[PDB]
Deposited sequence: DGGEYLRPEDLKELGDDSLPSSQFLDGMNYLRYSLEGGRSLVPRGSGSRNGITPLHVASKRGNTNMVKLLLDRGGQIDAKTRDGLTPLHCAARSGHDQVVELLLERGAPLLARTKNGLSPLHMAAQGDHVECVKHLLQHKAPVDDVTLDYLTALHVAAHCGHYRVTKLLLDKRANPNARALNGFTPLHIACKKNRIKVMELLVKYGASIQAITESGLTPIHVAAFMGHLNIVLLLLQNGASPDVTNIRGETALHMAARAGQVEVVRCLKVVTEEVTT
């Protein structure tokens, strides 16, 4: 009900992988010019472009892309290089990838877009860039979690404000009928609850088991949120 990740977010190692992770642009060039395999995959399915993007080496990223590295390559769990750049708040890497036609709402095997990933990590900067590149702020991951549901679960206040400002649905429900305020209330995230209430969220909506956010917060023993919702309603 509260989960959107199946496992975690998440030999075969070649010299291109190592130089790309270390951001050594000249060596990557040399390895490429001598025939090295630009799309070699590790045991987990990582390409050199994954390694450069996960580590934030934007000029290695740019060089790899310019040389035809496949930006659609995904790991065993479905992470593309865009997902890994978002994981590390690597804005310029995200810029280069989107500039080379990377799909903004590419999904992993848990159905997460890069925006889901930035929300999960609380990366305000890449969140804003993805939203400006028409990332869908209501994209549905595993169990119907939108990026706003994720930011509310993880207590990402700046991210949630960004998503709300860009049209994330305050009333969207997961597959158990949890609204964002249900999620934030169950998790004891008092300031998130107040931001949703301030942005029009109904404290009275019920989940499929018939519980309000107040009922969920009390079930979870969240003293601060229980007091707040009692003050706001009673």
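Missing from the model relative to the deposited sequence are positions 1 to 26, 37 to 49, 274 to 277 (no C-alpha coordinates, numbering from 1).
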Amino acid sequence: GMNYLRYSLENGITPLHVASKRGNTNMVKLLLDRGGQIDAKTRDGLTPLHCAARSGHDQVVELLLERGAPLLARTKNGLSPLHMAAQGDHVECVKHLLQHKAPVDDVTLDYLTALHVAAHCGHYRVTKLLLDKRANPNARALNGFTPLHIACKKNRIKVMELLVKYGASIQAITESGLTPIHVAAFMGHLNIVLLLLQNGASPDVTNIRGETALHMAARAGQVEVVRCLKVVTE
From here on, numbers count along this sequence of modelled residues.
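Between the stretches 139 to 147 and 92 to 100, it is 92 to 100 that shows the larger average CA temperature factor. When the mean C-alpha temperature factors of 57 to 65 and 186 to 194 are read from the deposited coordinates, 57 to 65 comes out higher. Per the deposited coordinates, the residue with the largest Cα temperature factor out of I181, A168, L49, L32 is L32. When all modelled residues of the chain are sorted by CA temperature factor, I173 is found within the lowest third. Ranked by C-alpha B-factor against the other modelled residues of its chain, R156 falls in the middle third.
Annotation for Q222: C-alpha temperature factor in the middle third relative to the rest of the modelled chain, per the entry. Split the chain's modelled residues into thirds by C-alpha temperature factor. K76 is in the lowest one.
Per the deposited record, the Cα B-factor of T212 falls in the lowest third when ranked against the other modelled residues of its chain.
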